[PDB]
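Asks: One structure is given below, represented as structure tokens, and several questions about it will come after.
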Amino acid sequence: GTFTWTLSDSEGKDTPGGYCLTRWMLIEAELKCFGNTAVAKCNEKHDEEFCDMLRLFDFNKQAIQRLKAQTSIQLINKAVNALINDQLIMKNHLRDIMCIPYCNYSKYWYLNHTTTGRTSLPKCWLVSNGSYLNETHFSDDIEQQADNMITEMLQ
Amino acid sequence: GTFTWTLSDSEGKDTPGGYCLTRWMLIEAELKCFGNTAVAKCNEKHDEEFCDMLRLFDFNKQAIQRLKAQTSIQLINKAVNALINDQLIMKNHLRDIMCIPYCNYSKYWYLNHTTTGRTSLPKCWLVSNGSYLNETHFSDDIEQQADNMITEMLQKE
Amino acid sequence: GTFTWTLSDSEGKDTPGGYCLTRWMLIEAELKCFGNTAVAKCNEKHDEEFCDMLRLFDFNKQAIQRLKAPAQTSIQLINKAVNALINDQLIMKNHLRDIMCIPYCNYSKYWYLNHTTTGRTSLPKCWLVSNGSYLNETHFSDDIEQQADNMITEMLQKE
Amino acid sequence: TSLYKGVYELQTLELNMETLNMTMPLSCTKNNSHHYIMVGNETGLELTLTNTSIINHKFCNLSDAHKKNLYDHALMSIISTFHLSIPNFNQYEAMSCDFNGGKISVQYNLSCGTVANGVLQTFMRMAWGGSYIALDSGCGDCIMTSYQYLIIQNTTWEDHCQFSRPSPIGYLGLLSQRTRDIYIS
Amino acid sequence: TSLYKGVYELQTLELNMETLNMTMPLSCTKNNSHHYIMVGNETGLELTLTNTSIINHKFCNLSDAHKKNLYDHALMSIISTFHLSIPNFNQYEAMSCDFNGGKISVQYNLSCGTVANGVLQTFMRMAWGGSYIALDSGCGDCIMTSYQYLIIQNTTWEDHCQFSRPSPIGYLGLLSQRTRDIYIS
Amino acid sequence: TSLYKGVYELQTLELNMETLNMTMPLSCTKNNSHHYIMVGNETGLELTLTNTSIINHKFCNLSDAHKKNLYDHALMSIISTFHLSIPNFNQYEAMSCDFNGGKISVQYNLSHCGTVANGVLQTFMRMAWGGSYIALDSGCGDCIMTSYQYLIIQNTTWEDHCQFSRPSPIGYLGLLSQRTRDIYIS
Ligand SMILES: *[C@@H]1O[C@H](CO)[C@@H](O[C@@H]2O[C@H](CO)[C@@H](O[C@@H]3O[C@H](CO)[C@@H](O)[C@H](O[C@H]4O[C@H](CO)[C@@H](O)[C@H](O)[C@@H]4O)[C@@H]3O)[C@H](O)[C@H]2NC(C)=O)[C@H](O)[C@H]1NC(C)=O
Ligand SMILES: *[C@@H]1O[C@H](CO)[C@@H](O[C@@H]2O[C@H](CO)[C@@H](O[C@@H]3O[C@H](CO)[C@@H](O)[C@H](O[C@H]4O[C@H](CO)[C@@H](O)[C@H](O)[C@@H]4O)[C@@H]3O)[C@H](O)[C@H]2NC(C)=O)[C@H](O)[C@H]1NC(C)=O
Ligand SMILES: *[C@@H]1O[C@H](CO)[C@@H](O[C@@H]2O[C@H](CO)[C@@H](O[C@@H]3O[C@H](CO)[C@@H](O)[C@H](O[C@H]4O[C@H](CO)[C@@H](O)[C@H](O)[C@@H]4O)[C@@H]3O)[C@H](O)[C@H]2NC(C)=O)[C@H](O)[C@H]1NC(C)=O
Ligand SMILES: *[C@@H]1O[C@H](CO)[C@@H](O[C@@H]2O[C@H](CO)[C@@H](O[C@@H]3O[C@H](CO)[C@@H](O)[C@H](O)[C@@H]3O)[C@H](O)[C@H]2NC(C)=O)[C@H](O)[C@H]1NC(C)=O
Ligand SMILES: *[C@@H]1O[C@H](CO)[C@@H](O[C@@H]2O[C@H](CO)[C@@H](O[C@@H]3O[C@H](CO)[C@@H](O)[C@H](O)[C@@H]3O)[C@H](O)[C@H]2NC(C)=O)[C@H](O)[C@H]1NC(C)=O
Ligand SMILES: *[C@@H]1O[C@H](CO)[C@@H](O[C@@H]2O[C@H](CO)[C@@H](O[C@@H]3O[C@H](CO)[C@@H](O)[C@H](O)[C@@H]3O)[C@H](O)[C@H]2NC(C)=O)[C@H](O)[C@H]1NC(C)=O
Ligand SMILES: *[C@@H]1O[C@H](CO)[C@@H](O[C@@H]2O[C@H](CO)[C@@H](O)[C@H](O)[C@H]2NC(C)=O)[C@H](O)[C@H]1NC(C)=O
Ligand SMILES: *[C@@H]1O[C@H](CO)[C@@H](O[C@@H]2O[C@H](CO)[C@@H](O)[C@H](O)[C@H]2NC(C)=O)[C@H](O)[C@H]1NC(C)=O
Ligand SMILES: *[C@@H]1O[C@H](CO)[C@@H](O[C@@H]2O[C@H](CO)[C@@H](O)[C@H](O)[C@H]2NC(C)=O)[C@H](O)[C@H]1NC(C)=O
Ligand SMILES: *[C@@H]1O[C@H](CO)[C@@H](O[C@@H]2O[C@H](CO)[C@@H](O)[C@H](O)[C@H]2NC(C)=O)[C@H](O)[C@H]1NC(C)=O
Ligand SMILES: *[C@@H]1O[C@H](CO)[C@@H](O[C@@H]2O[C@H](CO)[C@@H](O)[C@H](O)[C@H]2NC(C)=O)[C@H](O)[C@H]1NC(C)=O
Ligand SMILES: *[C@@H]1O[C@H](CO)[C@@H](O[C@@H]2O[C@H](CO)[C@@H](O)[C@H](O)[C@H]2NC(C)=O)[C@H](O)[C@H]1NC(C)=O
Ligand SMILES: *[C@@H]1O[C@H](CO)[C@@H](O[C@@H]2O[C@H](CO)[C@@H](O)[C@H](O)[C@H]2NC(C)=O)[C@H](O)[C@H]1NC(C)=O
Ligand SMILES: *[C@@H]1O[C@H](CO)[C@@H](O[C@@H]2O[C@H](CO)[C@@H](O)[C@H](O)[C@H]2NC(C)=O)[C@H](O)[C@H]1NC(C)=O
Ligand SMILES: *[C@@H]1O[C@H](CO)[C@@H](O[C@@H]2O[C@H](CO)[C@@H](O)[C@H](O)[C@H]2NC(C)=O)[C@H](O)[C@H]1NC(C)=O
Ligand SMILES: *[C@@H]1O[C@H](CO)[C@@H](O[C@@H]2O[C@H](CO)[C@@H](O)[C@H](O)[C@H]2NC(C)=O)[C@H](O)[C@H]1NC(C)=O
Ligand SMILES: *[C@@H]1O[C@H](CO)[C@@H](O)[C@H](O)[C@H]1NC(C)=O
Ligand SMILES: *[C@@H]1O[C@H](CO)[C@@H](O)[C@H](O)[C@H]1NC(C)=O
Ligand SMILES: *[C@@H]1O[C@H](CO)[C@@H](O)[C@H](O)[C@H]1NC(C)=O
Ligand SMILES: *[C@@H]1O[C@H](CO)[C@@H](O)[C@H](O)[C@H]1NC(C)=O
Ligand SMILES: *[C@@H]1O[C@H](CO)[C@@H](O)[C@H](O)[C@H]1NC(C)=O
Ligand SMILES: *[C@@H]1O[C@H](CO)[C@@H](O)[C@H](O)[C@H]1NC(C)=O
């Protein structure tokens, strides 16, 4: 079927829903927190790659905190389809085969409001032949996300 | 993929789509009927366990009324994924493994209006170590359902 | 999982989102174009058969354009991509209906409502068939009635 | 030419699946006895229901055929998908094959719950369009046919699809239910 | 009883899965040692955990059993699903069987990562209701039980489901994770 | 730095997948020849493409290896997923193994479009998702070719190997679905 794993909430949060990535989950960066309005889209949509990664990071966090075993591969083999969209990474595989910019699940981009501090859901930074795309090559993607940010900010 | 089976409805009913469970589908209870506005969420959501059971009970009924055969296991071996979310029951298996109160698909709770009779979609009554949770331990889940019931009854008017 | 293939937009279209079927994709017909408002439902819903066909036709189009043709028609590509284009349980649904003597969808003919003056169309629903013959309009009249009401609601939602 | 609500006219469209021939196989049927699968515009497969057999030896030299890599890899992948999709296949004596020189040819000797039901259920799925004509089945885990053998042979492309239009939906459906129902070996 | 916002009364609902007996199997448990999977209203299947063995020969004549098509095909399907669902099954010596006359009977000789873990994980899944009472494992992959053998035999239907209600959720979950974890042979 | 609508600043983040090592395998590449799959912080697997062979006998004693339960069960599970994910594998001779003492080592002879070398390279392309194109030379085109003659898979110990591409579980997780999806009759 589709992913049923819901992201677990920590204890020192102001609104039930948001998710945070520690400084050890991000390379050359400090911790970053994302609001409930953004991560809520992870339960609705099926197509977001960054959501698939949050469910992987959360599952790894929950499995370490609650169990003891590194033959823990048997566990992920059961849970894979409940955390990620298998066809979503097949889509990226198809794009790579067709010389189309694809997502290798490493870098993501998002829009961050200057004074509100509110952020969009991080979308995947595409790559083509071993180099990420310039901002100039997906600027209309960023423009569309900025429009969705305004209509969400009004609501 | 995901479930595509739509819940058929019986001939003698007030509203099309509204589902009912007979007294033989419930244990120690008479027949209970749920309105269209509630069961309509079964086609939208992929997350609800009570919806996967309705598609199992309906498929059982339809297979009996329309076919003749017990080795009918070959039929459910084909149609399982068109009825239930496989990863939803894997979810409760993960929760059971991790000592989290899980859903064993037996008991369900829902809100019911004093005068209107309209009911929420039954959510699964969780269990932890062979005993269902008290109302006190998922009280904030019932509070959220009552707020969704108010916002839905307001959209009627 | 579920289908993730997004339908590719042609270069000359006025609104980004619509999809068109050429005169060679349709039998005994000229080319037909569907608006973004209709095709947008293909990304939301999981149950529409006509949407699964669009992703098949687009995938076939994209694979021919972007991949140098194989010497002898390798089938490995579609075996990888199938679940990313179609809903397997949707065609299993029609296989269940055919087994139970219920009118089913054999993925050939589709019906839709076209407004005589505005030109907007609903998403083509599948024209069901029972025992080697499509159903008359008279046997699914109330399915067409419901679609007109949703068309009304969608047209009013613009104003 | 039928109006709904005074403004909405009912219109139709019929998809021509023949243009998908370069990407995916396409099943169709000629008459009651003969059915086909088309891979591209040259090769293909012939599913025949005949009371006349074509193979009399009860061996299937699959390992030899694999080593002598002559057959079309696409055609055998359809033969594998078909045979794996058979549920409760327990009598290997009925399956008899001949892959001499790459020419693939497989015969299923027919004769509820028997091996003939599982082979006809998979045949019913494979040629989705116009399979009911040969089944005589109606509606009911039990399919019975008068024919005694199902013979699958490689063939060349011609205008065969006369009773039903070609379609890939048949093949695409067996891909998910591939090894879903197989006993322990 | 208890009303929320003064107008919504909290009500319950407990489903009776026993009515699904004709379409899908139903697992349940009697006590710590005895568990059952029911198919229909007559034929059934018992899987039990005993320190006493029932099969002393270490052979599993599966090919002979298939040829002599005596057994119930439904019970063979759920026992194929069970053996296939075992992850990292590498010691075939523990599996011993006896299918003489259609009477199916399979014994798993128990004794982190051993073959006993994979068989008990699949048993934990199979009888979803009331498997914890026999595991004595809590939460922690690695399952350890005092019992030495898991014996699976065919049986007749009775009012066995005394500790947990029957449900199909157990069997339905193994169907997807069927051949998902199997080594090369 | 880069502002949109005067109030939305374009910001990025890069995930460090290395912390998922205890739950799932992680693929990555060192150079053109060497690629790796990491299981935990100790064991692992080394996929190397070399014109030099490492096994000369054309037998694979898997049944013997299963009985003598010495090998790591995790590495055996990922070596099974690889061999099953190969499509249209029909030349068992190229498959040669040596599991003496739990030391797992598998060699694929690519010397033997449509050949057995394509299917093994297609599965290798998926497995080490990051940085597989460097070894392929293929570009875009189905048919994959390489100068190298052998694909050798050996068990190894964990080190700072992921130099060209970052570690990722995306490769392995994708083969799990397309596991037994394309295999011929035996
Ligand atoms: C989900 O979890 C719940 C809670 O853990 C679980 O509910 C339990 O179900 C069993 C089986 O129905 C109940 O046991 C019953 O207990 C009463 C007295 O308390 C007995 O009278 C019953 O015996 C009758 O039925 C027997 C078997 O048919 C007959 O042999 C006998 O003669 C009687 O006629 C029966 O033993 C148990 O009380 C509940 N527990 C609670 C807390 O309610 C449920 O089974 C789980 N669901 C699934 C699908 O596993
Ligand atoms: C879905 O179900 C429908 C209804 O059961 C089914 O439609 C049928 O398709 C066949 C095949 O296209 C139609 O048969 C045609 O009939 C016309 C006359 O009515 C003939 O002229 C055609 O013959 C030509 O085709 C030959 C072979 O291609 C050529 O050699 C030659 O040029 C012939 O002139 C053809 O036989 C049939 O009429 C319809 N039936 C209905 C009721 O419309 C459809 O095939 C099903 N879809 C799938 C995918 O199975
Ligand atoms: C997704 O695609 C991108 C772009 O193709 C890809 O990014 C690349 O990742 C590698 C690996 O991190 C980067 O290589 C680094 O380069 C810097 C400077 O050039 C070096 O200092 C680094 O070396 C350190 O790490 C080594 C291994 O840990 C140590 O051995 C060494 O001593 C150093 O400590 C490292 O080699 C590369 O620069 C980027 N490329 C770009 C354009 O940013 C990414 O890996 C892809 N993701 C996946 C999951 O494949
Ligand atoms: C296995 O499942 C079948 C069907 O789900 C069960 O049979 C069903 O039993 C109920 C109650 O006995 C029957 O309801 C009856 O309907 C008649 C009217 O037709 C009414 O007069 C009776 O008073 C009663 O309400 C139901 O018809 C029947 N269905 C079928 C198809 O037989 C059966 O009990 C289950 N067996 C086990 C062992 O669980
Ligand atoms: C299941 O497996 C276990 C362990 O692999 C088997 O137990 C072993 O059975 C043998 C033969 O009965 C035992 O050998 C005997 O040991 C005693 C000393 O305890 C010795 O005096 C005798 O001369 C004889 O050699 C062996 O000890 C025993 N091992 C263990 C660990 O229990 C068991 O037989 C297997 N069951 C089946 C049904 O295959
Ligand atoms: C494999 O993954 C594990 C866990 O995902 C990695 O271990 C983690 O390493 C970080 C950084 O060293 C640890 O954070 C530390 O937390 C303590 C307080 O708890 C703090 O004092 C330290 O300064 C540091 O912030 C984290 O606890 C640790 N987690 C576990 C479960 O051990 C490990 O590094 C990874 N190994 C490889 C080879 O990738
Ligand atoms: C959005 O931007 C703001 C400001 O640029 C970020 O807030 C900063 O967070 C860092 C580390 O958490 C602090 O050291 C700064 O003091 C913060 N600045 C302000 C003005 O609050 C915020 O983290 C960004 N959001 C995301 C998701 O990256
Ligand atoms: C919600 O509550 C109403 C009233 O309490 C229930 O309706 C009653 O149902 C019983 C049994 O079906 C009848 O005998 C009564 O006549 C009904 N009363 C009224 C006022 O309608 C209704 O069944 C409840 N909903 C559910 C799903 O249980
Ligand atoms: C197989 O499919 C191809 C492409 O879908 C068909 O070729 C097309 O035919 C139309 C009409 O003649 C041309 O306008 C296109 O340019 C062709 N496309 C290509 C890529 O050649 C072909 O007719 C189909 N063959 C069969 C036997 O159905
Ligand atoms: C279905 O069509 C096939 C092919 O047109 C018919 O098979 C032919 O039958 C005649 C008479 O026995 C033979 O001489 C031909 O060699 C056969 N051709 C092939 C390709 O096998 C078949 O008879 C038709 N069946 C029905 C019921 O109409
Ligand atoms: C193929 O052979 C079978 C069996 O010989 C034929 O079926 C028989 O048809 C006759 C006449 O209708 C009946 O009296 C028999 O009872 C049937 N036997 C069985 C086992 O069904 C069938 O008609 C033949 N088909 C063809 C095309 O020749
Ligand atoms: C669980 O229930 C079963 C069946 O009621 C019990 O098995 C019986 O045990 C007695 C005493 O040894 C035997 O005489 C019977 O022949 C057994 N019956 C069957 C069907 O095997 C079993 O003892 C019970 N176990 C527990 C722990 O309560
Ligand atoms: C089945 O046999 C095992 C092994 O003989 C029993 O487990 C032993 O129980 C005793 C008493 O508690 C312990 O001292 C031993 O250490 C246990 N051995 C092992 C290997 O765990 C078990 O109790 C027996 N079960 C039954 C129902 O008789
Ligand atoms: C890729 O890196 C590996 C490891 O650093 C290189 O393999 C070494 O090659 C030399 C010369 O053949 C041997 O003496 C070493 O034993 C090898 N090391 C290992 C671990 O196998 C390899 O040469 C590099 N390849 C390229 C193209 O840079
Ligand atoms: C796989 O097993 C076979 C048979 O046990 C081994 O082949 C034997 O090897 C010995 C020692 O070289 C010879 O004396 C025998 O003649 C061989 N027998 C046969 C039938 O070839 C083989 O060495 C094993 N391979 C591995 C890698 O363990
Ligand atoms: C591995 O061996 C192959 C085959 O000997 C090498 O490929 C040859 O390279 C030369 C020089 O470019 C060409 O003239 C040949 O035509 C190539 N042969 C083939 C079959 O492609 C390859 O370069 C070697 N690789 C390494 C790393 O030494
Ligand atoms: C709707 O009708 C108009 C006018 O008849 C026509 O131009 C248009 O192509 C139709 N739409 C479709 C999708 O066929
Ligand atoms: C098919 O089976 C029947 C009955 O078992 C037998 O008479 C006939 O000779 C068989 N045909 C072939 C070709 O094996
Ligand atoms: C089947 O293939 C072989 C080898 O390619 C060929 O000789 C034979 O003619 C083919 N059969 C048909 C009916 O075309
Ligand atoms: C198992 O099946 C055989 C044959 O159907 C039967 O004789 C035997 O009694 C069955 N076992 C039980 C315990 O009912
Ligand atoms: C690999 O195959 C080639 C050609 O078949 C052969 O020359 C070579 O000796 C083989 N190498 C091994 C190690 O089997
Ligand atoms: C592979 O494993 C064996 C046994 O654990 C060990 O002896 C050998 O050194 C390992 N190989 C490498 C390259 O580490």
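Quick note: numbers on chain D are straight from Swiss-Prot, i.e. 59-169, 180-208, 211-255, in order.
Positions of Cβ are set from backbone N, Cα and C atoms, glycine also.
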Asks: Pick from D:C207, D:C212, D:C231: the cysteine that Swiss-Prot pairs with D:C180 in a disulfide bond.
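Replies: According to Swiss-Prot, the disulfide partner of D:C180 among D:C207, D:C212, D:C231 is D:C212.
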Asks: Give the three-state DSSP assignment (helix, strand or coil) for D:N89 (N-linked glycosylation site).
Replies: coil
Asks: Could you work out which of the disulfide-bonded residues (D:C86, D:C155, D:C212, D:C231) has its C-beta surrounded by the smallest number of other C-beta atoms within 10 A?
Replies: D:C212
Asks: Going along the chain, which residues six or more apart from D:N99 (N-linked glycosylation site) have their CB under 8 A from its CB?
Replies: D:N79, D:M80, D:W227
Asks: Relative to the Cα of D:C86 (disulfide bond), which of the recorded positions D:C118, D:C155, D:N167, D:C212, D:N224 has the closest Cα?
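Replies: Among D:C118, D:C155, D:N167, D:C212, D:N224, D:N224.
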Asks: Between D:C212 (disulfide bond) and D:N89 (N-linked glycosylation site), how many Å separate their Cα atoms?
Replies: 22
Asks: Please list, in sequence order, the residues in the chain of D:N224 (N-linked glycosylation site) that are at least six apart in sequence and whose C-beta is under 8 Å away from its C-beta.
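Replies: Once residues fewer than 6 apart are set aside, D:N224 (N-linked glycosylation site) is near D:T101, D:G102, D:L103, D:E104, D:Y129, D:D130, D:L133, D:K161, D:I162, D:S163.
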Asks: In whole Å, note down how far the CA of D:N167 (N-linked glycosylation site) lies from the CA of D:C180 (disulfide bond).
Replies: 16
Asks: By Cβ count within 10 Å, point out the most packed of the glycosylation sites listed: D:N79, D:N89, D:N119.
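Replies: Compared across D:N79, D:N89, D:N119, the most Cβ atoms within 10 Å surround D:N79.
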